[PDB]
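Input: a single structure, listed below in structure tokens.
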Amino acid sequence: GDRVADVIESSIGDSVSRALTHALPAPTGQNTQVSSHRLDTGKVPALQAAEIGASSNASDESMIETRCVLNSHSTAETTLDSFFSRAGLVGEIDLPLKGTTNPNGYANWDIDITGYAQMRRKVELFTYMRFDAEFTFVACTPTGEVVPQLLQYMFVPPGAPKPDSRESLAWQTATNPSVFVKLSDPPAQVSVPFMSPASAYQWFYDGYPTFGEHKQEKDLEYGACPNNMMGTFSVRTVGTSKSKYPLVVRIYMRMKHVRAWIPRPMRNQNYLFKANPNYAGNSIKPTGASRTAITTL
Amino acid sequence: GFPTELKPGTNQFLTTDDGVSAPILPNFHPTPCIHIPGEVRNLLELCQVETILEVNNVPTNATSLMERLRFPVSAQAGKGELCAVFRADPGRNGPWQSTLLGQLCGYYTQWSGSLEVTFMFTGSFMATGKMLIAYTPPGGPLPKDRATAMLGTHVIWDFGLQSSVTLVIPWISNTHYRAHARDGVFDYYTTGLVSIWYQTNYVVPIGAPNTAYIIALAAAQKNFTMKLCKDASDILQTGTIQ
Amino acid sequence: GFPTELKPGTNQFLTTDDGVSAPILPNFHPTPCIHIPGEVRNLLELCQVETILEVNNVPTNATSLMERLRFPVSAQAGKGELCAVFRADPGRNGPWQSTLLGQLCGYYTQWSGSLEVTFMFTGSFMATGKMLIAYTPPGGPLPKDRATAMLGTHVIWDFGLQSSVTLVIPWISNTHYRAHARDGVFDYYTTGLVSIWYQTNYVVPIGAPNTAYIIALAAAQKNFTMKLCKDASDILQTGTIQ
Amino acid sequence: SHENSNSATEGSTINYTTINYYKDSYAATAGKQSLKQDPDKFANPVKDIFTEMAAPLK
Amino acid sequence: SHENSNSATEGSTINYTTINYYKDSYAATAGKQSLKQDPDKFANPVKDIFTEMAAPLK
Amino acid sequence: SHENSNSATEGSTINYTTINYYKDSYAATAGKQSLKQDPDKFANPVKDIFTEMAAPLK
Amino acid sequence: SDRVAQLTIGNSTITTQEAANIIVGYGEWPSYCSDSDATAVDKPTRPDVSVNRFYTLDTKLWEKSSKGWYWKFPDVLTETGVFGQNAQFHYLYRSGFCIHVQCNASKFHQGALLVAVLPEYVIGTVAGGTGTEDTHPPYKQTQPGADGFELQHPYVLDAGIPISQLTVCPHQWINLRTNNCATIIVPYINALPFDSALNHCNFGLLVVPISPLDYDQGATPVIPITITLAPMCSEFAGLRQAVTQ
Ligand SMILES: Cc1cccc(-c2ccc(OCCCCCN3CCN(c4ccncc4)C3=O)cc2)c1
Ligand code: NA
Ligand code: NA
Ligand code: NA
Ligand code: NA
């Protein structure tokens, strides 16, 4: 039991996070109300104090004489799902015949979508994201030709054995999920759930994955968060003998049922590496076009 | 089996098709979602947040990039001299590209709504002055003088305890929506021009800097909306990202 | 026929797709199901059953394999000497691989829950002693001495009629679930360390063995669960099985 | 339908209207989201709110 | 539906929720199983149960 | 159905009867239109209407 | 009446006579972790007053050529007072923060500092200038401790992102002709309920002059910028020996 006053009256333990703002319904743009001339003292909408950290509260009505306008313009297309639920390229995998890369009829791809600028820039607008996704696999030869070839795609989660060859025992796929499909068939397509151990994936992790000294040789791990590493995508031509055709697999991701937190400034320098925000120091360019003088167009 | 007949579209892969696809992990249940601050529900929420407008988008050497974030004002000769100008077109190349509004704008083909630019004076407390900021709707050429600019929508700013002032760029268009404006026939969708002039003069006493800077912050009004989702004009990658 | 349109996914064979397929034997009725003891409904039922933990996983020659099932304690010099140590990571290579919990764990990508290890003393009835068993949460390096280990979660075991004691390895993680930990960035999901020290000393009178053994049995607590089904790391076959 | 509740948005302040043929909800379509917005969370996160008519620094 | 009851789980302590288009129930999907568990059957198969607080050998 | 109202004819004096399987109404079929007609709008746009029996220039 | 203010927490009190209100990041106050959001089972320790108080950790000098600086939280405090100790002895940590950046001058000086908070502020490198070398920032740069660290290229925040858009984050400005301080309250921000105060920095505090400091010869040229901060609703769990990293 409790008895001393400071304990009885303390707020230690309040799990109810007080919120200063609440969301309101806004299916259309706000309307404009009629307004007239105002010649008042004390009243001053135009003047602000940006130092406070808040945006201007001044509206059209208070700055000029406005008419009434019934705005029925929809706000539907700017929802998270509307913006993100559009399949975009996130991975390309080659399976050549005579080659330097994967001349063995199989390949392993770490599931990381940061190798493509269009998609990457969009998701990096937010710090945390939680979503389900629809993946589509488009296969064909390097010329875009379709050939009678059977492939096997297998999802290898962290801890599961990664195939080391076209004949690896791991292809028995007794528990991992696999998709067998022909190039002649339409693109393969499946739904993937939100799989992180965290409540959300995060495109930015300012920290290290482990404890200890963080010496030069371990700096490759700064910013690496296992919670974002969902596993490997393995593919092979289904046979004990090398395929007759060179293949290319394009991977498209379409997010759905999206939630995002903490908006961030948008990338303005070319991307260089998947794992980090490194930029070319000798080519730091302005965010946009420039002109000769501030007083000329 | 049941009599069916395949129609055109069959086997096609539309990247924006909102369909149903087989689940790879049956009976899998995602990690519960705890509370995380700052959840955004609609991009329009972000468009109402003011970000810095690079009105002074002239310096280009790395060492001077930070200078683009602010432009100056200083004691003049009282002839209603011009201080600066810029197009109001938000989705057009220029000053607006530095703002989050301009960037998000790039992912949409059409937009509609009033805009606002708040100017913050960062001179010394002892500096005073009055500026005339004007918005010239389409059709009006760059005002040659303050008298001409004064004929459009404008605000007369007086420096004081309130460091900032807000210029509202009201929605004045012939069409309900504007596509991104650019030189050519698409200049049809131009929003107009914004010019800043000295109404009085930047006055300062002995002992205070003769030059101070103004920082411009821009965002959208609550009647702003965008439509027809598209890919942004920039692709931030040269070769493959490794 | 009825207007249909094929979507992507058509003709694909997803091994985990839970679909409907034509029955080969119409009107066939299976042999009735009599009562059979020991029906299991969920793998979690098995994870709560304790199996032997090979803390002493050092001997490798066939003739000594049985020695891995137990480790020793014996009269010391009373300096709070260290008896044994092992990582608590259940789905990691090491001692836990000998337990059914560890094996079943291998078929799942993520796990969550508290663990328990029960130690049974098999020395003579006349042998006595007190041991300190500690669990060091992530971040804490292998305790250099008993004083350091003592700062974490621990139990002080006293030998007596009750042959065993239970160390609970409470769920203390930053994430709701841990993936299988291993050297590298995945050490992020490590559970910690378990160290055993002499609190007093193994005391015995004249006529009784100066060395006795302890057998460790480990299982999961009732808050334990696993998710994201995957294939185990081992495939017990070399060539074709004939 | 009587399916599993494994959608990434299960328990969201904005309800969705979707389609599905499988027992796992995450297989469902994106559907329509609810149109709520909270601009102030980012544009006006001030403790003591200041009116429009008044001068921001009293 | 009005089908045959030839499923391998016909008459199980755990009921299932499945889909089927054929007259033979075993063609049906795996569906959802019921979440009952009896750990004690294996973890605590003792005749005279012993409390947690008390010492196991009285 | 409970879909979006993005059809080019949303709010027309002539109602339509259509089919659709998507959440966006413009994907729907053309269907049947209503058979209303207003010839006078073009054939007889006169202010002071003149009878048939009478002579048009009184 | 919005200019004057007093912040009292623990055994510490801050006053200011030229404020610009207070920002509460993402519109919500710090709070302790609920029983439904939690996952770790051990009973947490909540030291209260001995750790949730104001700590004045560092002072930098604003010069006509300063580029700007940043600090990482909770890194800045991991070695200070009772908070530091708790952060070292425990694996799990969580808390909010009240940040109070100070900088006064005279009615004859001028300049504007942008004070903002950026969650998961991941630092990047210049990649060898040409962008061919995959370099990485060293520990002393990602977790600079209390001395903070100076931005090499403030325009892109040393991370390839425009500072011009940093205002999308909780922030305030210190415009000398207007105010002499910034106050920002920040709730715990992470995708997990608790985390290591050593391995993970939840956010970064940026102080960057956007409008250069200026004054005439004869006016005090030494214009300090001091950083004071207070943890809020601190919680610790997963106890063992102390660890510095
Ligand atoms: C049956 C089957 C066959 C082949 C592939 C798959 C498959 C592939 C990927 C799947 O994972 C999709 C993961 C999407 C999010 C990936 N993330 C989450 C966070 N993240 C990230 C990247 C870089 N830095 C930080 C985070 C990512 O790249 C699921 C199933 C399934
Ligand atoms: Na037939
Ligand atoms: Na599918
Ligand atoms: Na027909
Ligand atoms: Na079939």
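Before moving on, here are some points about what is shown:
- Cβ-derived FRET efficiency at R0 51 Å, C:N223 paired with C:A22, nearest 0.05: 0.75
- Sparse packing (at most 13 other Cβ atoms within 10 Å of the Cβ) combined with a DSSP loop state is found for the following trypsin sites (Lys or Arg not before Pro) in the range B:15-100: B:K79.
- For the range A:85-235, the equivalent ellipsoid derived from the Cα gyration tensor has semi-axes of 29, 19, 16 Å, listed largest first.
- Sorted ascending by nearby beta carbons within 10 Å, beginning with the fewest, C:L100, C:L228 become C:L100, C:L228.
- Highest mobility in the GNM of chain A, judged by mean-square fluctuation with C-alpha springs under 10 Å and restricted to A:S85, A:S243, A:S15, is found for A:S15.
- Relative contact order of chain D, pairs being alpha-carbon contacts under 8 Å that are 6 or more residues apart, as %: 28
- Computed over the alpha-carbon pairs of the protein assembly as shown, the distance histogram in 20 Å steps reads 10, 34, 34, 17, 4, 1, 0, 0 percent, short to long.
- Between G:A197, G:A146, G:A40, the residue with the greatest mean-square fluctuation in the GNM of chain G (Cα pairs under 10 Å linked by springs) is G:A40.
- Qualifying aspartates and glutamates (Cα of each under 14 Å from Cα of A:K244; at least 8 residues distant if same chain): A:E145
- Net dipole in debye of chain A [+1 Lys, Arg Cβ; -1 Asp, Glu Cβ; about Cα centre; nearest 20]: 1000
- In chain B, the alpha-carbon atoms span a convex hull of 255 Å³ per residue.
- When you filter the chymotrypsin sites (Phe, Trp or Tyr not before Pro) in the range A:22-130 for DSSP loop state and at most 16 other Cβ atoms inside 10 Å of their Cβ, nothing is left.
- Take the Cβ atoms of G:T56 and G:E18, set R0 to 25 Å, and the FRET efficiency comes out at 0.85.
- Excluding exposed DSSP-loop trypsin sites (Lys or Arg not before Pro) (at most 15 other C-beta within 10 Å), longest clean stretch of chain G: G:108-245
- Measuring against 31 Å, Cα to Cα, the residue pairs D:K32/E:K23; B:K227/G:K67; A:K98/B:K7; A:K98/C:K227; B:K227/D:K41; A:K218/A:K256 contain D:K32/E:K23; B:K227/G:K67; A:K98/B:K7; A:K98/C:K227; A:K218/A:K256 as the ones spanning a longer distance.
- Rounded to the nearest 20, the size of the Cβ-charge dipole of the protein assembly as shown about its Cα centre is 1040 debye, with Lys and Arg at +1 and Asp and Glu at -1.
- Residue and distance (whole Å) for the chain D Cβ nearest the axis that superposes D on F: D:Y21, 11
- Residues F:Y26 and D:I49, FRET efficiency given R0 of 51 Å [Cβ-Cβ distance, rounded to 0.05]: 0.75
- Hull shadow area, averaged, the range C:53-127 [alpha-carbon convex hull, nm²]: 7.1
- Taking A:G115, A:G91, A:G144 in turn, the Gaussian network model of chain A (Cα-Cα springs below 10 Å) assigns the largest fluctuation to A:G144.
- Extreme residue, positive dipole direction of the protein assembly as shown, given options A:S241, D:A55, B:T211 (C-beta unit charges): B:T211
- Of every Cα-Cα pair in the range G:90-219, the percent that sits beyond 20 Å: 55
- Chain E, Cα convex hull volume normalised per residue, Å³: 110
- Viscosity 0.692 mPa s, temperature 37 °C, Stokes-Einstein D of chain A from Kirkwood C-alpha radius, µm²/s: 132
- The equivalent ellipsoid of the range C:86-224 has semi-axes of 30, 17, 12 Å, largest first, where each one is the square root of 5 times an eigenvalue of the Cα gyration tensor.
- Here the chain B residue lying nearest the rotation axis onto C, judged by its C-beta and given with the distance in whole angstrom, is B:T4, 4.
- As an equivalent ellipsoid, chain G spans semi-axes of 31, 24, 15 angstrom, where each value is the square root of five times an eigenvalue of the C-alpha gyration tensor, largest first.
- Listed residue (G:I123, G:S211, G:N86) projecting farthest to the positive dipole end of chain G, Cβ model: G:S211
- Per-copy distances of the B:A77 label point, shortest first, in nm (7 angstrom along Cα→Cβ): 9.7
- Size of electric dipole in chain C: Cβ of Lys, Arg +1 and of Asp, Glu -1, about Cα centre, debye, nearest 20: 480
- Ranked list, fewest to most other Cβ atoms within 10 Å of each Cβ, for D:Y22, C:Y189: D:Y22, C:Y189
- Helix-derived mean residue ellipticity, 222 nm - over the protein assembly as shown, DSSP H n ≥ 4, -39500 (n - 2.57), to 500: -1000 deg cm²/dmol
- Taking the fewest neighbouring Cβ atoms within 10 Å as the starting point, the ordered list for F:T17, D:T13 is F:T17, D:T13.
Values in this text are rule-based calculations from the coordinates and carry no lab data. Counting neighbours? That spans all protein chains shown, and the Cβs are built from the backbone with ideal geometry, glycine included.
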